[PDB]
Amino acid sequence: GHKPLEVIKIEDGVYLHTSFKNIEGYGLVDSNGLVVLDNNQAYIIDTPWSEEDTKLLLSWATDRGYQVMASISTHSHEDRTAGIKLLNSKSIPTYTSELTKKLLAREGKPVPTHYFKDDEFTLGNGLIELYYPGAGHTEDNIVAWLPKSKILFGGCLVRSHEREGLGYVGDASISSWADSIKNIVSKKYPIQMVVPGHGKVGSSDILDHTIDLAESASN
């Protein structure tokens, strides 16, 4: 029994959704995704951490008259993909990279109904730019760039300022992590904000901070 999904506007047409989980002995932990609006059309970047909170996110959208067009999950882990089954059941198109899809299939988890094969892909016909920069937090982590709001959703490939560790490295490729962040920087996005998969939103600085953590863990 935890507190419910929270949804708040961080830019024009961009909402941060945050779900929560009780971690006994530690306390309450947060997990972020985004909803991106294109007129009356809504696109979900990473599902909430549970099916129950995914239901609340869909209710949030439909109560405002929005049409949920698609979701994209930025890697295969539960906190990115928990809602995929529910969205599939409502015939809402679900997306991941090809690798992410096949990773889910191997662990016998529900898979998206759609997937992209190349290092770049777009959702909402240019609204959301997706990019695979290399392995880091996981083999398959991708990032999402929003040209209009100039928001980079880094997911778990990036660490908030409040953290001085990489977090869960069980599926990680630490010696590749720093290079993967560098690849994002090389894209030369005019980043105004970076949204992490956990913790507070920040600036371009998050990338440098993440590179420091990666290079420390590998040394």
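Start at 1 and count along the sequence shown; that's the residue number.
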item: Between the two ranges 103-111 and 68-76, the one averaging a larger CA B factor in the entry; value: 103-111
item: Stretch exceeding the other in mean C-alpha B-factor - 19-27, 6-14; value: 19-27
item: C-alpha B-factor winner, where the candidates are 53, 162, 46, 63; value: 162
item: Per the PDB entry, maximal CA B factor within 157, 58, 174, 35; value: 174
item: Relative C-alpha B-factor of residue 42, binned into the chain's lowest, middle or highest third; value: lowest
item: Residue 211 - which third its CA temperature factor falls in, relative to the rest of the chain; value: highest
item: CA B-factor ranking of residue 120, expressed as a third of its chain; value: highest
item: Cα B factor band for residue 166 (lowest, middle or highest third within the chain); value: highest
item: For residue 152, the third of its chain into which the C-alpha B factor falls; value: lowest
